[PDB]
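Structural features, examined
The lines below spell out each chain.
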Amino acid sequence: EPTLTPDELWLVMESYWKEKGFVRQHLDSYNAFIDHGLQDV
């Protein structure tokens, strides 16, 4: 079978950034600090 193309693999990676954003590391980790961070200190 004509395996995919190098152009359908674009549509997989296009769904990666419209689902989760680009500022992930700051935003997501701080989100966990509110839940389980303050209570343990």
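Residues numbered from 1 in each chain as written, not as in the entry; some residues may be left out. Part of a larger assembly, values for the part shown. Heavy atoms only, no water.

As annotated in the PDB entry, the chain carries the name DNA-directed RNA polymerase subunit beta and comes from Thermococcus kodakarensis KOD1. This deposition appears in the PDB under the title "Cryo-EM structure of Thermococcus kodakarensis RNA polymerase".

1. Focus: the overall build of the chain
We count it as follows: Secondary structure elements follow DSSP: runs of H or I no shorter than four residues count as helices, runs of E no shorter than two count as strands, and numbering proceeds from the N terminus. Three exposure classes are used, based on accessible area relative to the maximum for each residue type with a 1.4 Å probe and protein chains only: buried under 20%, partly exposed in between, and exposed over 50%. Here the open area of atoms and residues is found with the Shrake-Rupley method and a 1.4 Å probe, where only the protein chains shown may cover a residue.
Secondary structure summary: the chain contains two helices and zero strands in total. Reported as C-alpha extents along the three principal axes, the dimensions of the chain are approximately 55 × 20 × 10 Å. Among the 41 residues that make up the chain, the fraction classed as buried is 2%. For the chain, the exposed surface amounts to about 4300 Å²; the carbon and sulfur share of it is 60%.

2. Quick notes on the pattern of salt bridges
Any two side chains of opposite charge can pair, given that their charged atoms come close. To keep it simple, the criterion reads: Here a salt bridge means any side-chain nitrogen of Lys or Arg lying within 4 Å of a carboxyl oxygen belonging to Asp or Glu.
Tallying each qualifying case throughout the model produces one salt bridge. Note that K18 and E14 form a salt bridge whose closest N and O atoms lie 3.7 Å from each other. For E14, a relative accessible area of 26% puts it in the partly exposed group.

3. Some points on the environment of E19
Along the chain, the position of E19 falls in the loop between α1 (8–17) and α2 (25–37). Taking the relative accessible area as the measure of exposure, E19 reaches 62% and is therefore exposed. Each C-alpha atom of the pair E19 and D35 lies 23 Å from the other, and the pair is 16 residues apart in sequence.

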